[PDB]
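Shown here is one chain on its own, the form deposited in one PDB entry, set out as structure tokens.
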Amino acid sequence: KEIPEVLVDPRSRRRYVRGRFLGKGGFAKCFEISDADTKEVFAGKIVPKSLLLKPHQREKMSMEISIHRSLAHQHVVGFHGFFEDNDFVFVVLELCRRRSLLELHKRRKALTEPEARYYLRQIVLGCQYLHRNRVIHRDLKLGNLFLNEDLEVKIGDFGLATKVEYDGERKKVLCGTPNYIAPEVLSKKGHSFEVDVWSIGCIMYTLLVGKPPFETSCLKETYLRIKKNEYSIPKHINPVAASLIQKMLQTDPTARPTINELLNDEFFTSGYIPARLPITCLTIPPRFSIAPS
């Protein structure tokens, strides 16, 4: 059951030449795809219906599209359309040519504090937007924070995202395995937006420390630690940073900052936030000199 060389959308009359394989995110296989008219290049997410035999699995795809199609923001992955044939579902997404913060972290490990500020601010801005529109992402991790050509963060993968339908709603269920799973999810006693503030907490730790907050050999031993709040921040981490991590990584959901509180935190306001990063920042730690030589 092989994927077409050209992807034709009969409704919009659009044709996409299937370009080079990018990798296999989940059930989906991802390719650079180019529109035949505009020549505009996109990221195609192609999932075979043979893996969507069950309504439950079909419904998760549908919801992902439902949620992601309704979003437009600078730090959210552009959703440009979807369509299907008898064998596949095709989703046309914003190509993010510098991959994700995961690939950056693999190369650089711990970032400089300004780099963290730069990225975390964009992670927070997109996540503020989701929350404003009642969307919880629920799997914010380095692999889901994509980078465009200018190293701007674009929040992607809405396969666990859920829409809050009514004020004060606690989601009882999360069908999936998020990377930075909040303790209220692991305890299985309800959760809302504060789940995303947890993950951002873990992302900040990881960006600054160079490894995740609760990491172990065993995945269940890690879950043990998240419940128990078993983690510690190295001494070389600056107090203002370490304070904000501690605020975000509280077992109590109600005790964490809201998404609209974060950028007013001392970490952002009393520290240097680059306007932009150079592409060398993918490879080499930037020093942020005041002038060249």
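Residue numbers run from 1 along the displayed sequence.
Quick note: we don't show the form solved in complex with a partner chain, though the next part is all about it.
For the marked spot (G19, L104 and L282), a heavy atom within 4.5 Å of its partner chain in the deposited complex is present in each of the three residues. The shortest heavy atom separation between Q250 and its partner chain in the deposited complex exceeds 4.5 Å. Not displayed here, its partner chain is approached by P278 to within 4.5 Å at the level of heavy atoms in the deposited complex.
The shortest heavy atom separation between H75 and its partner chain in the deposited complex exceeds 4.5 Å. Remark: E149 counts among the residues lining its partner chain in the deposited complex, judged by a heavy atom distance of 4.5 Å or less. Residues within 4.5 angstroms of its partner chain in the deposited complex, judged by any non-hydrogen atom, belong to 28-36 and to none of the other stretches in 66-74, 250-258, 263-271, 28-36.
Among the residues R99, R170, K211, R134, the one placing a heavy atom within 4.5 Å of its partner chain in the deposited complex is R99. Among the residues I233, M61, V47, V41, the one placing a heavy atom within 4.5 Å of its partner chain in the deposited complex is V41.
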